[PDB]
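**Student:** Pasting a structure below so you can have a look.
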Amino acid sequence: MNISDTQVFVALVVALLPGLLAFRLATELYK
Amino acid sequence: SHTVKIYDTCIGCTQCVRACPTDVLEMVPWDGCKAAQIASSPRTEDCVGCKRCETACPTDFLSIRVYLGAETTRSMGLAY
Amino acid sequence: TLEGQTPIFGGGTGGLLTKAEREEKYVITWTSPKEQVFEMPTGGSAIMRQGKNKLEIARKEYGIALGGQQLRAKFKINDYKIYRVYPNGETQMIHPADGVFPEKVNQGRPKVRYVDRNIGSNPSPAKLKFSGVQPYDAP
Amino acid sequence: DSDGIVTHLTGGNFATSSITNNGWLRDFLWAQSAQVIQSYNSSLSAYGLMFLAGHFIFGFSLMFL
Amino acid sequence: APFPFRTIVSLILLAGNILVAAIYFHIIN
Amino acid sequence: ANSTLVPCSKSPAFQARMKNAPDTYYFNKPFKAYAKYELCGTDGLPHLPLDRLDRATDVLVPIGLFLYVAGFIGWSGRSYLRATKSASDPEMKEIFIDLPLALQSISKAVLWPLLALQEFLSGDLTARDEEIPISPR
Amino acid sequence: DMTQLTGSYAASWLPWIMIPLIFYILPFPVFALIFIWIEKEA
Amino acid sequence: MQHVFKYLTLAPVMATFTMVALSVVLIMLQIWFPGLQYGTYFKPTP
Amino acid sequence: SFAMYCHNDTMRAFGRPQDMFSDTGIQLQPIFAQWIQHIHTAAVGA
Amino acid sequence: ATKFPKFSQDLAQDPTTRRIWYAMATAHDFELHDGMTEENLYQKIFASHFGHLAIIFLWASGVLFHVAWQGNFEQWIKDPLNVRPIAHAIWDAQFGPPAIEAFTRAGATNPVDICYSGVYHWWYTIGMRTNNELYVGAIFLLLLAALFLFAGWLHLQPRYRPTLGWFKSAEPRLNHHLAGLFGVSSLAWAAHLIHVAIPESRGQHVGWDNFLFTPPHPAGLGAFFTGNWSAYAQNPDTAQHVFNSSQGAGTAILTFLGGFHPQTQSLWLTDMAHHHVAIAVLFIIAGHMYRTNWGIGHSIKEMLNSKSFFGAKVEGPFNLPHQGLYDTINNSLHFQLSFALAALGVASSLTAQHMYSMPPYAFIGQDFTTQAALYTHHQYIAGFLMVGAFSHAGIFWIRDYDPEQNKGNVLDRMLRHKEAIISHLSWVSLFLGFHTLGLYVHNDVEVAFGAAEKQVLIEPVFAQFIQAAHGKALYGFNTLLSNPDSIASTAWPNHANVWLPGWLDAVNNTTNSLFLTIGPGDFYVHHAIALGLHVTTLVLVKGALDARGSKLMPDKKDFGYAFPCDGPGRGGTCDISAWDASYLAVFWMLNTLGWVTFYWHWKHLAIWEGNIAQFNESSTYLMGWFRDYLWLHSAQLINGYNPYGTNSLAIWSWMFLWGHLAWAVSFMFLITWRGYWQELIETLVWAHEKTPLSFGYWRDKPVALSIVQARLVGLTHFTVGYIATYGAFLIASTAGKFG
Ligand code: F6C
Ligand code: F6C
Ligand code: CLA
Ligand code: CLA
Ligand code: CLA
Ligand code: CLA
Ligand code: CLA
Ligand SMILES: CC1=C(/C=C/C(C)=C/C=C/C(C)=C\C=C\C=C(C)\C=C\C=C(C)\C=C\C2=C(C)CCCC2(C)C)C(C)(C)CCC1
Ligand code: SF4
């Protein structure tokens, strides 16, 4: 029994947090 | 542009100046050698970096050294 | 303005390009004792006129090759001059810079990019870290 | 044969196998090299030795190039 | 120069090689 | 003691190869030599071990024979090269072999192990470090 | 059936849209962004 | 004639003569004593 | 010439032989060479 | 000029397409950036390392998420020996029905890939059982990566940017990384094995919901504090234990049995727990060696600069001058990176050599394709790391080494006899190459002429003796551990060889890879490997030691690490830079690792087939490798698709040709050189300018790739084709004949 629809959607929303922080770090390193 | 330096071991044989295909080098008065002249590189903006001058230099080690640097249109030898 | 008659040439594919009209162009002028056939720097043969000639070339190396290896070495013509022409019309004569050919020593020429040591005494790059000075440029 | 029926050396596989270079790799290079790859301990063993000799010189040349 | 410190370490290391070869040749167990 | 190698004359796999071998010059006598003298593996092929105090001459004879010949060639070339250095045109002596000099170098190289020992003891074998061309560090 | 791409996993419609998006929808706009970035005059 | 003798002492000529002479020696050793192997040299034929 | 071979490899790997450049798929008949063969055969009367 | 690249005005003023190429190539060379200071160099690197750590955690999160989402982990638990693990689903809209059916397997109803990384076996051993547990781990790694991404941004803010002195404080960093990063992490992992993994292997579920009140051992922590440590080793798992069940399961948490679990054929979980317990203690002790803030502890600078050995005057350690080295390493990031890459390269080789022989994961030794993939993966990575160690060693010589502060020390001595080092490495390479190749072709001619008995077949007696010394009684030797009466086997004073009965059982088991039997075929290939190791070292060492200069180029240090040449003068100077030696060494590293992985794969293929005699009789001549390994095992790979249909190997067939194509393209970049293409590009420039309706025009003037860039691009195609071609063959030839 693999993960459900809600778990996949939750992982997508959670992955936004490292996504935005990756952008912040990349732009900071560009300075 | 490339950087062309002339060191004190130059013997003033004028061979580097004759070998230059873009007239970067000229011979100037000097007193450090019997020929009483030394190579100079006043026009390094026209230097392409072919290193023909180093090939022509008879001293050991080279009295003239070319250091390839920032590339421009004329240093890349571009007719376009 | 640069005066002279262009050599007889039927056209070629190795002539000037957009760079001549946009960034810079070069012109080589010389005087010949007779009408004779020479080789264009970018391929093909052209006929230089009886009087004084004027040739437009894309690169400075073309003028040094034509004037140095053909005009002087082959046709015994020693009065060729190379000009740099800008799109705005400004023209400066760049070869020979002071009227004397560079291979012949001329008084009043300063020493440019001369290092007062043998090449083996250049400092190690570790000594010049974070200073922006190359070993060959070190005092 | 006596009836005029022709069986070809590779059975007419050029039309369907040569249109891909996997077919060239498999049905031409791999399949038709069986004779030279299995020529050891036979009269064709010289061709087997020269098959490896050619491979050696090709790789050897890459050092210079 | 006899190289004292050089040859002492060399002899010690060579002694280990001989000792291992002794076990390998069934001279000692 | 080693048990995975047995004498070839007692290896059934080797006997199968011996029986099935072609009856030519290349297999008649060599197979008999392998049977008496060689140790065979489970595949029936002779194997050369280095874990035997016995048959040590089987290891030392080929090794010593090669080292003497290789040293003979090396000493012939070295002594010939050293003799041509004093010549006016040593390079010309290398594309043109000097027969009297080559024969002399070859003759002395027969006793190369003795000559090399004498040169090493007298310090003539090697040149000093400071007298050898090197590149800047 | 095995005549089409399917998914027994949760939200199998996600590869149906994400594969086109990442591989042949967004990459050209992304290349345009990078191209503008690397060609900007100082 | 002395020029021909000088030619025969050339490095390629001497290398060819030496290589051929050594090749012949090794070839005849294969004909007279085929199948020589490590652990078999200088042993009597069984 | 070559990229259509790569096209054929990908179509065959996909299990889509009908999309290949082949006699049984998208045909590329060398009609001019076929025409020459017919002309040269009919020239002698065969 | 252009804004891009921000770090180089010299590139930003370049009017050609070379500007874009070189910006990407020098973006991470922070030391050459415009106006770069030493403090800003370390601060930028420190934040970059946070980004790389986050990328690793995101990568591990993706592996976990796709298995929990599209894999078959729970089904694979019930039958690990017969169920194919699923990597992820396939969504390629260009698939046809035959391709969809071919890739629909392993119990799935959609096309899937078969995992070959071994993560199923790893997660199974460490106690993971459900897809929800994998999902929670994936979510946790997403948050962990977010933490490190924030940390990198935080440590770039003005108040949190560390000073240069903080980066240069070597002793506190060594103390914390030994005791804390290595020791405490090892202790925490042993805790996970004791508290979670071991109970889960005995049918008992331990998770965050019940681990606080579920002791791992009946004796509890009282046995630890009272000195009754032997209670933890009592009642181990029985030889009839069934993994993931309580049948035949003991209660011990720290045993030292040795050998393998009889069913899983992998290392005992309780053995691994005691391993990381002992490792943690050793590394925590090692983390107290150097002085930081309390006087006690060694000073590395003092140890290197020391000149007195209990009063006696010595040059230094081993009577060798090590003075001035502390500043050399501490100021050279390339010197530190060289050691770090070399250590990781050796560790990656040791991982490959020890994971196949002593599998640490349940049933992973029976997943033949996974075993081949993991060994090849970590050996090739090790080879790349080894090249990098010497590459940055050559960079150290040019950029960070100065003779004045290293005068007369051990580093200077190496540079002063570089000719002896290089010439002797050349001799070893020539000796190995002449005789290894010569013996191969001698065996080639004998076998070809029907005289296989006339082959030279040198027995690897020295390595066979080592195997016997480790307990392998097959060879008949009676030395050390293969001799039960030997003092090594008995351990006469204490008889504490509680490892030996398990170790000997695994050593003499004929069904595992622990000390595989070796014959003459194994002797020759190790000497091929030795040749590859010595030549690749020769190319790398010669480049590093000649980086400062040579007779041909005395002033090479003034030109940098990577330059094309010094012109056609002085005979010609192609590939003269130290970078070019690293470029040449990658070819030899690929060739050496090719020989290594060819040998590992063919030997294991014969064993898995049940045809060990094939390898033993054919590996002694090169035609046996070419015929019975390459030609023989390519048959099923190249039939992944054919005029009759497609199977699951169609991807490895297409990738097999894709690797050959990339390899072929590299030859163009490597054989043809720049000036040919620059002249061709000039002709195309003319054509574009004279063609109507072509309104486009280059903002960057098109130029041929630079001389150095061509070597890099060609090497990249050569390497990518090398890896892709062999990876496809390795997977297809093993998975096509097995699970
Ligand atoms: C931009 C613009 C432009 C234009 C317009 O405008 C053009 C045009 C021309 C004409 C004139 C001619 C004819 C055409 C053809 O056929 O070929 C091509 C094809 C195609 C397809 C090309 C392409 C086209 C265009 C590009 C289009 C685009 C569109 C798209 C879609 C976009 C997309 C975008 C996204 C974002 C991705 C040509 C050519 C040539 N090219 Mg050339 N281009 C250009 C671009 C480019 C680049 C980038 C490069 C690099 C890669 C090159 C390259 C090349 C070479 C090698 C050659 C040859 O050989 C040729 C010749 O010379 O002959 C004679 N070139 N061209
Ligand atoms: C390193 C490596 C290697 C090695 C090491 O070890 C070797 C060795 C062997 C042996 C064991 C034998 C016999 C020995 C003798 O002879 O013995 C007598 C003598 C004496 C005792 C002594 C002698 C001495 C001398 C004379 C001295 C001089 C030398 C010189 C210097 C050399 C140089 C010269 C030149 C060469 C010309 C043999 C033989 C064979 N082979 Mg074999 N090898 C090889 C190489 C090779 C290659 C590449 C190939 C291809 C070509 C082949 C081929 C062949 C064939 C076909 C055959 C035959 O048949 C034989 C037989 O049977 O087997 C069994 N393989 N081998
Ligand atoms: C003249 C005889 C001679 C002698 C005594 C040596 C001696 C040496 N060479 Mg050497 N070499 C020679 C010729 C010789 N070389 C020639 C002709 C070449 C060109 C192919 C080389 C190429 C060479 C390389 C590339 C290397 C050596 C190395 C070495 C050293 C150890 C390995 C060795 O013995 O070489 C083994 C032999 C070879 C590698 C090839 C030589 C084989 C040729 C065919 C011998 C020719 C002999 C000559 C024609 C006889 C003429 C004599 C006659 C006029 C009387 C050692 C100092 C190695 C080194 O520096 O290690 C420290 C190393 O890397 N040599
Ligand atoms: C680095 C980890 C990683 C990797 C390599 C992959 C790989 C893949 N994913 Mg995936 N995924 C991941 C993490 C990862 N996943 C995570 C954490 C999630 C939960 C948010 C998802 C959710 C997800 C969905 C919903 C789908 C895929 C799909 C796919 C496949 C097609 C690519 C795609 O559509 O991307 C889609 C990617 C996302 C929706 C988000 C990815 C988020 C990760 C963390 C980004 C990682 C960025 C990376 C580290 C930076 C690279 C730096 C650069 C220098 C290389 C491919 C096998 C598709 C598939 O299964 O096709 C069959 C699909 O539909 N993924
Ligand atoms: C026209 C040819 C073509 C095209 C365009 C595609 C396109 C695609 N196929 Mg595909 N395929 C084809 C032919 C083709 N296929 C054929 C002929 C077969 C055999 C029948 C297959 C079999 C096949 C399978 C079995 C799978 C695909 C998948 C995919 C998708 C992933 C993209 C990809 O393949 O890698 C594109 C690669 C990248 C974009 C690289 C990502 C960037 C990273 C960061 C690079 C990092 C490099 C790495 C670190 C270094 C090497 C590491 C390595 C050693 C492990 C994509 C939709 C996969 C899928 O479903 O994806 C969801 C999948 O599982 N295909
Ligand atoms: C932790 C390991 C590590 C670290 C921190 C570094 C760091 C550095 N290396 Mg180094 N290196 C390493 C490992 C490492 N390397 C290894 C293992 C090797 C052996 C292969 C090398 C070989 C090497 C050479 C030969 C050179 C460096 C250079 C450099 C410096 C500049 C980086 C650069 O050129 O810009 C960034 C460069 C790139 C991004 C290169 C592009 C990518 C290449 C072509 C790989 C091809 C991509 C492939 C298809 C897919 C990969 C995945 C994809 C996501 C990229 C920098 C300090 C250079 C230097 O200091 O100049 C003086 C230099 O010349 N290194
Ligand atoms: C099949 C391919 C191949 C082969 C055989 C070699 C062989 C060699 N390379 Mg090499 N190399 C190659 C490809 C190859 N390379 C490629 C593609 C690259 C990338 C550019 C390199 C890069 C490279 C570097 C950077 C270095 C080498 C070195 C070496 C030598 C070390 C091994 C040795 O001494 O063995 C012994 C010699 C051999 C096995 C060569 C074959 C000898 C033949 C068989 C003797 C036959 C004699 C016979 C009479 C000839 C017939 C007559 C004929 C002349 C007409 C050796 C000559 C190293 C070196 O020179 O160190 C000494 C070194 O530094 N190579
Ligand atoms: C027992 C044995 C073994 C082993 C051995 C060994 C281990 C050895 C070592 C050795 C060594 C460790 C050595 C060293 C050396 C050193 C040096 C240093 C040298 C030198 C030399 C020289 C110098 C030479 C010279 C010469 C001569 C004499 C002649 C010719 C010429 C020449 C010049 C070359 C084996 C198993 C193999 C086999 C069996 C037996
Ligand atoms: S060629 Fe060399 S020696 Fe002659 S003038 Fe020029 S720099 Fe001086």
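Chain labels A, B, ... are given in the sequence in which chains occur in the structure tokens; within each chain residues are numbered consecutively from 1, and ligands are likewise numbered from 1 in the order shown.
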Which residues sit within 8 Å of ligand 4, counting only C-alpha atoms and all ligand atoms, listed as a PyMOL selection string?
**Tutor:** (chain A and resi 8-16+18-19) or (chain G and resi 11-19+21-22) or (chain J and resi 54-56+58-63+65-66+70+88-92+138-139+142)
**Student:** Output the neighbourhood of ligand 3 as a ChimeraX atom specification, that is, all protein and nucleic acid residues with some atom at most 10 Å from the ligand, counting only C-alpha atoms and all ligand atoms.
**Tutor:** /F:70-81,84,93-107,109 /H:11,14-15,18 /J:419-431,434
**Student:** Suppose we keep N, CA and C atoms; can you now write the selection as a compact mmCIF listing (two decimals), in the first residue's frame?
**Tutor:**
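File produced: again03.txt:
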```txt
# COMPACT_ATOMS: atom_id res chain seq x y z
N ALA F 70 70.63 -9.38 -20.44
CA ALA F 70 70.17 -7.99 -20.43
C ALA F 70 71.26 -7.06 -19.91
N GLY F 71 71.96 -7.46 -18.85
CA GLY F 71 73.09 -6.68 -18.39
C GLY F 71 74.22 -6.62 -19.39
N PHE F 72 74.40 -7.69 -20.17
CA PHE F 72 75.43 -7.69 -21.20
C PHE F 72 75.12 -6.67 -22.29
N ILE F 73 73.87 -6.61 -22.74
CA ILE F 73 73.48 -5.61 -23.73
C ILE F 73 73.59 -4.21 -23.15
N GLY F 74 73.12 -4.02 -21.92
CA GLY F 74 73.16 -2.71 -21.31
C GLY F 74 74.58 -2.21 -21.08
N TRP F 75 75.47 -3.11 -20.66
CA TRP F 75 76.86 -2.70 -20.43
C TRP F 75 77.60 -2.46 -21.73
N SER F 76 77.26 -3.20 -22.79
CA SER F 76 77.84 -2.94 -24.10
C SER F 76 77.48 -1.54 -24.59
N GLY F 77 76.20 -1.17 -24.46
CA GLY F 77 75.78 0.15 -24.89
C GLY F 77 76.35 1.26 -24.04
N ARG F 78 76.41 1.04 -22.72
CA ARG F 78 76.92 2.08 -21.82
C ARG F 78 78.40 2.33 -22.05
N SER F 79 79.20 1.26 -22.14
CA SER F 79 80.63 1.44 -22.35
C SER F 79 80.93 2.02 -23.73
N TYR F 80 80.14 1.64 -24.74
CA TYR F 80 80.31 2.23 -26.06
C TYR F 80 79.99 3.72 -26.05
N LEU F 81 78.92 4.11 -25.37
CA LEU F 81 78.55 5.52 -25.31
C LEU F 81 79.60 6.34 -24.59
N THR F 84 82.61 7.03 -26.85
CA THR F 84 82.40 7.98 -27.93
C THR F 84 82.30 9.43 -27.46
N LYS F 93 79.11 9.01 -34.32
CA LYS F 93 79.46 7.65 -33.91
C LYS F 93 78.24 6.83 -33.52
N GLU F 94 77.06 7.43 -33.44
CA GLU F 94 75.85 6.73 -33.05
C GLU F 94 75.01 6.30 -34.25
N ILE F 95 74.98 7.10 -35.32
CA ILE F 95 74.38 6.65 -36.57
C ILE F 95 75.36 5.88 -37.43
N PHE F 96 76.65 5.93 -37.11
CA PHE F 96 77.67 5.09 -37.75
C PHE F 96 78.38 4.31 -36.65
N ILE F 97 78.10 3.01 -36.57
CA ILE F 97 78.68 2.18 -35.53
C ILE F 97 80.17 2.01 -35.79
N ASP F 98 80.98 2.29 -34.77
CA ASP F 98 82.42 2.11 -34.83
C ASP F 98 82.72 0.65 -34.49
N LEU F 99 83.07 -0.14 -35.51
CA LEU F 99 83.29 -1.57 -35.29
C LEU F 99 84.40 -1.87 -34.30
N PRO F 100 85.60 -1.29 -34.39
CA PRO F 100 86.61 -1.58 -33.37
C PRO F 100 86.16 -1.21 -31.96
N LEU F 101 85.40 -0.13 -31.82
CA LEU F 101 84.93 0.28 -30.51
C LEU F 101 83.79 -0.59 -30.01
N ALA F 102 82.88 -0.99 -30.91
CA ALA F 102 81.77 -1.85 -30.51
C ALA F 102 82.25 -3.23 -30.11
N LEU F 103 83.22 -3.78 -30.85
CA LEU F 103 83.77 -5.08 -30.49
C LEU F 103 84.48 -5.03 -29.15
N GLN F 104 85.21 -3.94 -28.88
CA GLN F 104 85.87 -3.78 -27.59
C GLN F 104 84.85 -3.68 -26.46
N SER F 105 83.77 -2.91 -26.68
CA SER F 105 82.74 -2.78 -25.66
C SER F 105 82.03 -4.10 -25.41
N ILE F 106 81.75 -4.86 -26.47
CA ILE F 106 81.07 -6.14 -26.32
C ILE F 106 81.97 -7.14 -25.60
N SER F 107 83.27 -7.13 -25.91
CA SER F 107 84.19 -8.07 -25.28
C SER F 107 84.26 -7.86 -23.77
N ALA F 109 81.95 -6.45 -21.92
CA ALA F 109 80.63 -6.65 -21.32
C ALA F 109 80.34 -8.10 -20.97
N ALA H 11 73.52 2.82 -38.61
CA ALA H 11 72.66 2.31 -37.54
C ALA H 11 71.50 1.47 -38.05
N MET H 14 73.08 -1.92 -39.30
CA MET H 14 73.55 -2.75 -38.20
C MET H 14 72.38 -3.27 -37.37
N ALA H 15 71.35 -2.44 -37.18
CA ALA H 15 70.16 -2.89 -36.46
C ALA H 15 69.47 -4.03 -37.20
N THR H 18 71.73 -7.16 -36.88
CA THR H 18 71.64 -7.71 -35.53
C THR H 18 70.28 -8.36 -35.29
N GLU J 419 62.88 14.09 -10.83
CA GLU J 419 63.33 13.30 -11.96
C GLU J 419 63.50 11.83 -11.58
N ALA J 420 64.06 11.58 -10.39
CA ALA J 420 64.20 10.20 -9.93
C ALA J 420 62.84 9.55 -9.72
N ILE J 421 61.88 10.29 -9.17
CA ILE J 421 60.55 9.75 -8.94
C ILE J 421 59.86 9.43 -10.27
N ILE J 422 59.90 10.37 -11.21
CA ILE J 422 59.20 10.18 -12.48
C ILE J 422 59.87 9.09 -13.31
N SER J 423 61.20 9.05 -13.33
CA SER J 423 61.90 8.05 -14.13
C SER J 423 61.67 6.65 -13.58
N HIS J 424 61.61 6.50 -12.25
CA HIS J 424 61.39 5.18 -11.68
C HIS J 424 59.94 4.74 -11.84
N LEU J 425 59.00 5.67 -11.77
CA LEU J 425 57.61 5.35 -12.10
C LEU J 425 57.49 4.94 -13.56
N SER J 426 58.25 5.59 -14.44
CA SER J 426 58.27 5.20 -15.84
C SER J 426 58.83 3.80 -16.01
N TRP J 427 59.86 3.44 -15.24
CA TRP J 427 60.43 2.11 -15.35
C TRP J 427 59.45 1.04 -14.89
N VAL J 428 58.75 1.28 -13.78
CA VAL J 428 57.77 0.31 -13.29
C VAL J 428 56.66 0.13 -14.32
N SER J 429 56.20 1.23 -14.91
CA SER J 429 55.17 1.16 -15.94
C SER J 429 55.67 0.38 -17.15
N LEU J 430 56.91 0.64 -17.58
CA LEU J 430 57.44 -0.07 -18.74
C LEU J 430 57.64 -1.55 -18.45
N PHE J 431 58.13 -1.89 -17.26
CA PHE J 431 58.33 -3.29 -16.91
C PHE J 431 57.00 -4.03 -16.87
N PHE J 434 55.44 -4.18 -20.59
CA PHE J 434 56.13 -5.08 -21.52
C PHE J 434 55.84 -6.54 -21.21
```
**Student:** Excluding residue B:25 and its own-chain neighbours fewer than 4 positions away, which residues fall within 7 Å of it when counting only C-alpha atoms? Please give them as a ChimeraX atom specification.
**Tutor:** /B:17,20,39-43 /C:102
**Student:** Residues of chain J within 9 Å of chain G, counting only C-alpha atoms, what are they? List them as a PyMOL selection string.
**Tutor:** chain J and resi 1-5+12+20+69-71+89-93+95-98+100-101+104+108-111+699-700
**Student:** Using C-alpha atoms, can you write the selected residues to a file as a PDB file, in the first residue's frame?
**Tutor:**
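part34.pdb, freshly written:
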```pdb
ATOM      1  CA  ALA J   1      30.600  44.693 -21.957  1.00  0.00           C
ATOM      2  CA  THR J   2      27.986  42.481 -20.297  1.00  0.00           C
ATOM      3  CA  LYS J   3      26.980  41.996 -16.678  1.00  0.00           C
ATOM      4  CA  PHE J   4      27.528  38.233 -17.052  1.00  0.00           C
ATOM      5  CA  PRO J   5      29.862  36.928 -15.752  1.00  0.00           C
ATOM      6  CA  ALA J  12      32.606  40.237 -19.527  1.00  0.00           C
ATOM      7  CA  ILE J  20      29.645  32.255 -22.190  1.00  0.00           C
ATOM      8  CA  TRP J  69       5.147   6.545  -4.065  1.00  0.00           C
ATOM      9  CA  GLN J  70       5.742   4.268  -7.063  1.00  0.00           C
ATOM     10  CA  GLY J  71       7.886   1.380  -5.799  1.00  0.00           C
ATOM     11  CA  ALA J  89       7.548   4.800 -12.660  1.00  0.00           C
ATOM     12  CA  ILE J  90       8.041   5.441 -16.376  1.00  0.00           C
ATOM     13  CA  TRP J  91       6.194   8.245 -18.171  1.00  0.00           C
ATOM     14  CA  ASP J  92       7.536   8.430 -21.732  1.00  0.00           C
ATOM     15  CA  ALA J  93       4.689   9.486 -24.027  1.00  0.00           C
ATOM     16  CA  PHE J  95       6.346   4.583 -25.901  1.00  0.00           C
ATOM     17  CA  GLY J  96       4.470   2.098 -28.038  1.00  0.00           C
ATOM     18  CA  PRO J  97       2.322  -0.748 -26.693  1.00  0.00           C
ATOM     19  CA  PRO J  98       5.186  -3.276 -27.004  1.00  0.00           C
ATOM     20  CA  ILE J 100       4.685  -0.376 -22.346  1.00  0.00           C
ATOM     21  CA  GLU J 101       4.124  -4.118 -21.918  1.00  0.00           C
ATOM     22  CA  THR J 104       5.306  -3.343 -17.005  1.00  0.00           C
ATOM     23  CA  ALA J 108       3.330  -3.358 -11.181  1.00  0.00           C
ATOM     24  CA  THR J 109       0.459  -2.399 -13.480  1.00  0.00           C
ATOM     25  CA  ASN J 110       2.363   0.514 -15.061  1.00  0.00           C
ATOM     26  CA  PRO J 111       5.792   0.746 -16.710  1.00  0.00           C
ATOM     27  CA  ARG J 699      25.391  39.298 -30.341  1.00  0.00           C
ATOM     28  CA  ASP J 700      28.422  37.140 -29.491  1.00  0.00           C
TER      29      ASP J 700
END
```
**Student:** So the first atom is atom CA of residue J:281 and the second is atom CA of residue J:179; what is the distance between them in Å, to one decimal place?
**Tutor:**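 Distance reported for this atom pair: 8.5 Å.
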**Student:** Could you pull out the helix (DSSP H, G or I) residues of chain F, going by DSSP on the backbone, and write them as a VMD selection string?
**Tutor:** chain F and resid 8 to 10 12 to 20 25 to 37 57 to 84 92 to 95 99 to 109 112 to 122 129 to 131
**Student:** Between atom CA of residue C:85 and atom CA of residue B:14, what distance in Å does the model show, to one decimal?
**Tutor:** 28.9 Å
**Student:** Using only C-alpha atoms and all ligand atoms, find each protein or nucleic acid residue lying at most 10 Å from ligand 1; present the set as a ChimeraX atom specification.
**Tutor:** /G:26-35 /J:680-681,683-700,702
**Student:** Hey, which residues come within 8 Å of ligand 6 if we count only C-alpha atoms and all ligand atoms? Could you give them as a PyMOL selection string?
**Tutor:** chain J and resi 24-31+334+337+340-341+384-389+391-392+395+560-562+579+582-583+586+712-713+716-717+720
**Student:** Within 9 Å of chain H, which residues belong to chain J? Use only C-alpha atoms and report them as a list in words.
**Tutor:**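 Applying the cut-off to the listed atoms yields residues 454, 455 and 456 of chain J.
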**Student:** If we count only C-alpha atoms and set the cut-off at 12 Å, which residues sit around residue D:61, ignoring sequence neighbours fewer than 6 positions away in its own chain? Please answer as a ChimeraX atom specification.
**Tutor:** /D:54-55 /J:667,671
**Student:** Using only C-alpha atoms and all ligand atoms, find each protein or nucleic acid residue lying at most 7 Å from ligand 9; present the set as a count of residues only.
**Tutor:** 20
**Student:** Let me have all residues with an atom within 10 Å of ligand 7, counting only C-alpha atoms and all ligand atoms, laid out as a PyMOL selection string.
**Tutor:** (chain D and resi 53+55-65) or (chain H and resi 19) or (chain J and resi 422-438+441+531-532+534-543+575+580-588+591+670+715)
**Student:** Compile the contact shell of residue H:33 as a ChimeraX atom specification: residues with an atom at most 12 Å away, counting only C-alpha atoms, same-chain residues fewer than 5 positions apart removed.
**Tutor:** /F:25-30,33 /H:25-28,40-45
**Student:** Quick one: residues within 7 Å of stretch 614-617 of chain J, only C-alpha atoms, excluding same-chain residues fewer than 4 positions away - as a count of residues only?
**Tutor:** 4
**Student:** Mind pulling up the distance from atom CA of residue C:19 to atom CA of residue B:26?
**Tutor:**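 Separation of atom CA of residue B:26 and atom CA of residue C:19: 27.7 Å.
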**Student:** Which residues are near ligand 5 in this structure, taking near to mean any atom at most 6 Å from a ligand atom and counting only C-alpha atoms and all ligand atoms? Format them as JSON, numbers by chain.
**Tutor:** {"I": [10, 13, 14], "J": [90, 91, 92, 99, 113, 650, 651, 654]}
**Student:** At most 10 Å is the cut-off: for each residue in chain E with any atom that close to an atom of chain F, write down the nearest atom pair and the distance in Å rounded to one decimal, counting only C-alpha atoms, chain first then increasing number, as a Markdown table.
**Tutor:**
```
| residue | atom | partner | partner_atom | distance |
| --- | --- | --- | --- | --- |
| E:21 | CA | F:51 | CA | 9.6 |
| E:24 | CA | F:51 | CA | 7.6 |
| E:25 | CA | F:51 | CA | 6.6 |
| E:26 | CA | F:1 | CA | 7.8 |
```
